[PDB]
Ligand SMILES: Nc1nc2c(ncn2[C@@H]2O[C@H](COP(=O)(O)OP(=O)(O)OP(=O)(O)O)[C@@H](O)[C@H]2O)c(=O)[nH]1
Ligand SMILES: Nc1nc2c(ncn2[C@@H]2O[C@H](COP(=O)(O)OP(=O)(O)OP(=O)(O)O)[C@@H](O)[C@H]2O)c(=O)[nH]1
Ligand SMILES: COc1ccc(C=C2c3ccccc3C(=O)c3ccccc32)cc1O
Ligand SMILES: [Ca+2]
Ligand SMILES: [Mg+2]
Ligand SMILES: [Mg+2]
């Protein structure tokens, strides 16, 4: 059991979902029609990949997932896409009118018209679980649906499922690919509203991913397709412990114990390696020591910030592929005596390690080189608060003049919700500052 | 000791239910306040357009009363 | 889908309206019979936005043709793509407005408006999900100006949660010798600021200067001015009509272009009148603005730009970054990332590549100051004021429209002078 239900909200959530589930299928040897030859238990099973896939009597392996968007054109591409047979039609839910980059429309005006239907379809998935573990919610900060509807959903999920774990994969906005000027507003509102309802959230800075695609894969002008195929690798690394087995395999919940020292401090910094093109990877083997040291290069982070100017509260290394503890320990010992790694005084300095022997997979026609071993570092650093600081500043510039606020007020919201949301963020920045101060 | 054990798990249940309860009410309050506001905004808009019709009637009336 | 309902009122409205439908019908690859004869599927991806699909794959414009005189109606029906328009959507009176705003708004138009609304209602009720309306008209005349603003108020009554966009043609003595125009404009502006979500300020003063000084066309015809308007209207609706990163949504444009409800008057621009750096410098140049205003006499609140044709997207990003940096003083700092770029692979007709500009600049006040100046010159003498009171109007409604437009100017000035600190 230990099933996990994925919920993909808005364009970003959906399209990242397409990348993730395509990648999952290739890792598990599942076909586009849902058939899995290697799986001999037909109609069911308690294998590790069953945490993400249910099984029909006809041998089809179905993603434990719901796709939701208040506009049909993105999900329509799923309905007619390569993996259309993979999902039951009821798993793909669409309205007719999006949130127009407006949090209010996503949370209230438009969202309320579909929220009950969504919860019902989510319930149908959960009833098929023999031991539901929690939810994974994919969404953007900037979109009206990704922000507004997600926060509404998270609120409703806490009511219908109590304290059942809810994890986020959140797309932090970047001007190179941003779609709205009001994304800072939507970002602060969703973060405030969701904060009490999320147990752990992995932020993905689009600018960080944009730079990595340009720098490491030599893509002149990365598309969402370029970004999403990279994101899915990070997501895969994080969920690998749930979808596979192994002696040295460490469950994500165990890392979570270390990563969240206080409820509000639940935003881990992800760093992935190696990101390299086929051209450069040829006749070039990146060892355990090399990919591990790369985790402490800020240019490889999912969020733009400087951990070297902050303090660590946890450090987790999630390896996959040809990796053994001996080489890991050697690599860590070297890194500790050359890198700027400083912990807060209330936390032990030991790195927590997990290894999944299943090697990295790549999607056909992708840009990422197929390597024998990869690593994803999950750290809890005060430096992530820099991402809040940048967003909150852009929020302040516009709100001082009440720019664009009338679009929100027009949809039923009040300025009190803006000030309430911004104050919670200021408290959050203060929280990250306090945890870094030495004990008395 | 057995008594303490009961009190702990009861407290856990109480806090969990209290969280669910407050979350349920806080949300119902927000959607209600939002429904009121949005309606009040659309109602005012129509009232201003309603005044434009009343004005136009007074204009057309003012014309024939100058002949 | 997401349908837009087109409306064209008065002479000017129907002229540019007809031209708009000619140009995009070509781009979407449909003939004046309503049949598709294109090569790319991208032409029909978002065709439903402006067209109704009838029997036998017959694409009919979702357009409503209005005028208080039947003259222009025959011109459209006889002109190219006159056989594509829906016959029942032709709504015509018999008595013109005679360039009288009061007639169009209170008297003559108020009698014809209901039959128009019946056609609006019939079109709207057949939409999967109506997103709003777009109006083409002038503010200098009587019908398109007076009755156009009447329709807006009436449509907004039955569709208050829909977007109301307008392509308003501003009057200029350089083109029209009619004397009472600054009255009809001020009275129209008084309505547009209250009841429209997005207004594209098409300025004849600008259109004239472009044909004359840039295109080297002394004594420019309306066909010349409209060729500019058509290319402009085609550009600012490209993303509404073609597949892209961001889809066709009037509301999303309004949300990101309008920081304050009253300040929704855009000055469009077009280029050329090449390489990517050239296009970018031109489209931001004052000479290429369809509104007679210098952007360097104010600051940009927001800007939307559409490049069309096959070109380097890396280069477009770099050059757009370059302009914002080199001209940072002309963009308000209290709105981060207020310039957004879109790219359509399909170029217009005749050009290998072009660039359309949509700016929300505080420099637009120059246009409203021009009208206000010409207005107060007429109103101090009460010249031709009897043509308006004759229909039952009051001197106050002239005063209110004046001061309301004066407020709009000062409000644009307020946010031009505003600072981050
Ligand atoms: N990484 C990544 N980011 C995306 C993708 N699609 C959209 N985004 C980001 O999401 C933000 C806008 O939110 P969207 O998800 O597109 O909008 P939405 O959730 O559908 O809500 P609506 O406004 O109603 O459309 C922008 O900052 C985009 O950069 C994607 O496929 N991958
Ligand atoms: N750019 C452009 N402007 C036009 C065109 N036709 C008329 N105008 C302008 O429109 C203004 C007058 O409004 P019209 O549209 O002609 O008049 P109307 O809307 O039919 O109202 P009435 O004639 O009084 O019934 C003048 O200032 C003209 O310069 C045109 O084809 N192109
Ligand atoms: C100023 O900020 C913005 C302004 C406008 C938009 C959206 C749009 C827009 C949105 C929906 C439909 C059409 C358009 C466009 O045709 C357009 C063309 C180029 C760039 C942006 C835009 C998005 C923004 O973030
Ligand atoms: Ca099985
Ligand atoms: Mg969307
Ligand atoms: Mg005329």
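Shown for chain C, in order and in Swiss-Prot numbering: 1-273, 284-431.
Cβ coordinates are placed from backbone N, Cα and C, and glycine is handled just like the others.
Here is what Swiss-Prot records for this protein:
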- C:11, C:69, C:138, C:142, C:143, C:144, C:204, C:226: GTP binding site (BINDING)
- C:69: Mg(2+) binding site (BINDING)
- C:58: ubiquitin cross-link (CROSSLNK)
- C:324: ubiquitin cross-link (CROSSLNK)
- C:40: phosphoserine (MOD_RES)
- C:55: phosphothreonine (MOD_RES)
- C:58: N6-acetyllysine (MOD_RES)
- C:58: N6-succinyllysine (MOD_RES)
- C:172: phosphoserine (MOD_RES)
- C:285: phosphothreonine (MOD_RES)
- C:290: phosphothreonine (MOD_RES)
- C:318: omega-N-methylarginine (MOD_RES)
- C:1-4: motif 'MREI motif' (MOTIF)
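When the recorded positions C:138, C:142, C:172, C:204, C:285, C:318 are checked against ligand 2, C:138, C:142, C:204 have a Cβ within less than 6 Å of one of its atoms. In the three-state DSSP classification, residue C:318 (omega-N-methylarginine) falls within a strand. Taking the recorded positions C:11, C:40, C:55, C:143 in turn, the residue surrounded by the fewest other Cβ atoms inside 10 Å of its Cβ turns out to be C:55. Proximity to chain A, defined as a C-beta distance under 8 Å, is registered for the following recorded positions out of C:69, C:142, C:144, C:324: C:324. Sorting each residue of the motif 'MREI motif' (C:1-4) by its DSSP state yields 0 helix, 1 strand, 3 coil. Its Cβ placed at the centre, residue C:144 (GTP binding site) has 35 other Cβ atoms within 10 Å.
Neighbour density around each Cβ, counted as other Cβ atoms within 10 Å, peaks among the recorded positions C:58, C:318, C:324 at C:318. Burial estimate for the recorded positions (C:172, C:204, C:226): highest at C:204, by number of other CB atoms within 10 Å. For residue C:11 (GTP binding site) paired with residue C:58 (ubiquitin cross-link), the C-alpha to C-alpha distance reads 28 Å. In this structure, the C-alpha atom of residue C:285 (phosphothreonine) lies 43 angstrom from that of residue C:143 (GTP binding site).
Across the structure, residue C:290 (phosphothreonine) and residue C:318 (omega-N-methylarginine) are spaced 12 Å apart at their Cα atoms. Neighbour counts of Cβ atoms within 10 Å were compared across the recorded positions C:138, C:290; the minimum falls on C:290. In this structure the C-alpha atoms belonging to residue C:143 (GTP binding site) and residue C:172 (phosphoserine) are separated by 18 Å.
Of C:40, C:55, C:318, C:324, all annotated as recorded positions, the residue with the shortest Cα distance to residue C:226 (GTP binding site) is C:318.
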